[PDB]
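In the structure tokens that follow, the same protein chain appears in two forms, which are kept apart as structure 1 and structure 2.
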Structure 1
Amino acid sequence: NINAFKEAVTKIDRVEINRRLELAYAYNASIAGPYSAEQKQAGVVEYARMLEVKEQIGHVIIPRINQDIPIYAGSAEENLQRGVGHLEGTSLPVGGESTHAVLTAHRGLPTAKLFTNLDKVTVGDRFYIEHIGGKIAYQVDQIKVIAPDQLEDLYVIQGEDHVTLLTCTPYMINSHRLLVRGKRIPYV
């Protein structure tokens, strides 16, 4: 599955990756606000389309917790049951200045690890998004537990490239959301 996305990515043309990535970037620009309103909007359409079809965005590798979880567009349960749901209204995890991808995954499901261990992720820890365009790396710069009412941490920090691995916390209780935010680092 982390293969059936790797295989599905290789299997698709650079041009198509770019168009989708660029739809991702435009999606991100419109999230964040380089891209025209129309491409922004197309980016929104593509996200929405990715949303509609619960498209796999890729997968987030979190070395710390040995998680390599498929990311799907949308925080729909049907994604959250399968792996990481990219949070709607959130930058697609394609990196970029002023992208903030929020990748939500359950802090565990029955048998299913998912983000159950996100709490072990430690500032400085890295995690990576493999999206259709490749792997990008984040280093957690901020682990935050916030009430689930709090959105502010999930918005694009302009200038910044973040991906917050978002889960519910405390484990099991899920009162709060654990935001493990990675700041884009160079992928090595």
Structure 2
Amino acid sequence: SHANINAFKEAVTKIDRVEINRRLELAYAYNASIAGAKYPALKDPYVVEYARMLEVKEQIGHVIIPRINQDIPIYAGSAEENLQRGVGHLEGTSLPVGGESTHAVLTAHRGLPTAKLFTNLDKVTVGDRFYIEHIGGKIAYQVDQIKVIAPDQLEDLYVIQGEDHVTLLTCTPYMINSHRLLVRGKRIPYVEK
């Protein structure tokens, strides 16, 4: 739950520097591929192996949003039962390891009584930060843009060359769900410790 986020942190440091690196390289190449593409077409999210190099205890990292006090693991795919445990990554977009010309897209449900999750995302504001902890470390984002789009539209979801973004996508307005809320971070250097 919050308990399988620790399964992550701990299991990671049992993987040695070399192995970690090899996996990271695979993710980078995957991202380079997407960078250079010409367009995947992204099935709006409303097994999956594409991100195995990143998977540790069936998760690909976790995401921390301080403003809403969440720390939620991230699972590959927008799969139906995975969105009950945490955050799903939209296949077709960059893998959430950052780097020049990336754009990862993460997504989560709102208003599940037990989970919570992205329900409180509307409370997030340009200027807040959020952080992504994956096999090779923590990376940090600062919300530069906030947008509301019809589900048909996706142009905002694609890689912007030269730039490094992560989008936290959810449905909106609350309990109406006719459009999508996009909360966009822009990479900043990590300095929290």
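Just so we're on the same page, rigid core means the largest C-alpha set that superposes within 1.5 Å between forms. Residue positions are counted from 1 along structure 1's sequence.
Note: rigid core superposed between structures 1 and 2; among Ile65, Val156, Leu51, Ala137, the CA shift is 2 Å or more only at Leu51. Core-superposed comparison between structures 1 and 2: CA of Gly96 displaced by less than 2 Å. On the core-superposed pair, the CA position of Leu109 changes by 2.4 Å between structures 1 and 2. Note on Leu166: its Cα is shifted 0.8 Å between structures 1 and 2, core used for superposition.
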